[PDB]
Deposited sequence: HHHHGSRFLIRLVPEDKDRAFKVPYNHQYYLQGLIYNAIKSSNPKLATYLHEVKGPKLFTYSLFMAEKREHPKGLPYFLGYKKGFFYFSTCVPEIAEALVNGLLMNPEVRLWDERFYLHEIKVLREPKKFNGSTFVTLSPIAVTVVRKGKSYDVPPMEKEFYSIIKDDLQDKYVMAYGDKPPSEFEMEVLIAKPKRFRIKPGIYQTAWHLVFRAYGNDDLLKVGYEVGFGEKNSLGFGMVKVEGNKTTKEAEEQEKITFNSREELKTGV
């Protein structure tokens, strides 16, 4: 135990934000992990494969679209099942910034520690960060196997976290599905999916996807989802 898990909402303080901005969010996250735990930080890069943390997009208190607008504060979410990944993103964001992203200045306001709904099976999930699943293009939800991949990754992420035989009951049904393409530097096409869906299965199974993510790029800001209730 182990199994308790963690989720964070961080809040910063008229400003601007881009799209395709999740490589720059890769910056503020590792910066504060090195600034706390320098061995943990370097480790994660070369140490490779799906990491046990994920984080949301950078949203605002409002969305405006002529980059785009900005207003009263702004924020994002972070979830990981590895206690130190979080302790080093809480500690490093604390004794530090002063945060400045791209070049926009900002000042740390609060870090609100959310809760884990113990409700998972059947609950509705909406993507906080889009979803990518890649194979050799990026398979969309109309694809029969988008589901075998997304499931499997979670079964592994499961034992990766639980050190135990993976739970085998997972289905997901998708209501709203939105396409999009991102620039991960310099030269790549990641076709992700903004999603709303119902997912039933082993409770703990989906607990994981909740925390670490759904799909591949969890360390780049894909695959983080929220519960509706």
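Missing residue ranges, deposited sequence indexing starting at 1: Since the structure holds only modelled residues, the stretches it omits are 14-19, 73-76, 147-151, 245-269.
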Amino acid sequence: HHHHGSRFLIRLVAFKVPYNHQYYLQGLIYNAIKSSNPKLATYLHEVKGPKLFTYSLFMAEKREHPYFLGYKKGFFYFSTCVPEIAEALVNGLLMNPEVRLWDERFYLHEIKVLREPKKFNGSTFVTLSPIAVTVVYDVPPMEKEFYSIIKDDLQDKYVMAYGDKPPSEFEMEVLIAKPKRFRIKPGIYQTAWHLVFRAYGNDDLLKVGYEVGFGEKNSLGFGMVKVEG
From here on, numbers count along this sequence of modelled residues.
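Stretch with the higher entry mean CA B-factor, where the candidates are 79-87 and 94-102: Comparing 79-87 with 94-102, the higher mean C-alpha B-factor belongs to 94-102.
14-22 versus 204-212 - which carries the larger mean C-alpha B factor in the record: Comparing 14-22 with 204-212, the higher average CA B-factor belongs to 14-22.
Top residue by Cα temperature factor, when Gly74, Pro117, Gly122, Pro141 are compared in the entry: Of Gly74, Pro117, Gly122, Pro141, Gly74 has the highest C-alpha B-factor.
Residue selected from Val196, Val47, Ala199, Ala41 by maximal Cα B factor: Top of the list by C-alpha B-factor: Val47.
Modelled-residue ranking by C-alpha temperature factor, third containing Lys165: As the PDB entry reports it, the C-alpha B-factor of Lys165 lands in the lowest third of its chain.
Position of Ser56 among the chain's modelled residues by C-alpha B-factor, lowest, middle or highest third: According to the entry, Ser56 has a C-alpha B-factor in the chain's middle third.
Entry-reported Cα temperature factor of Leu175, expressed as the chain third it lands in: Middle third - that is where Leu175 ends up once the chain's C-alpha B-factors are sorted.
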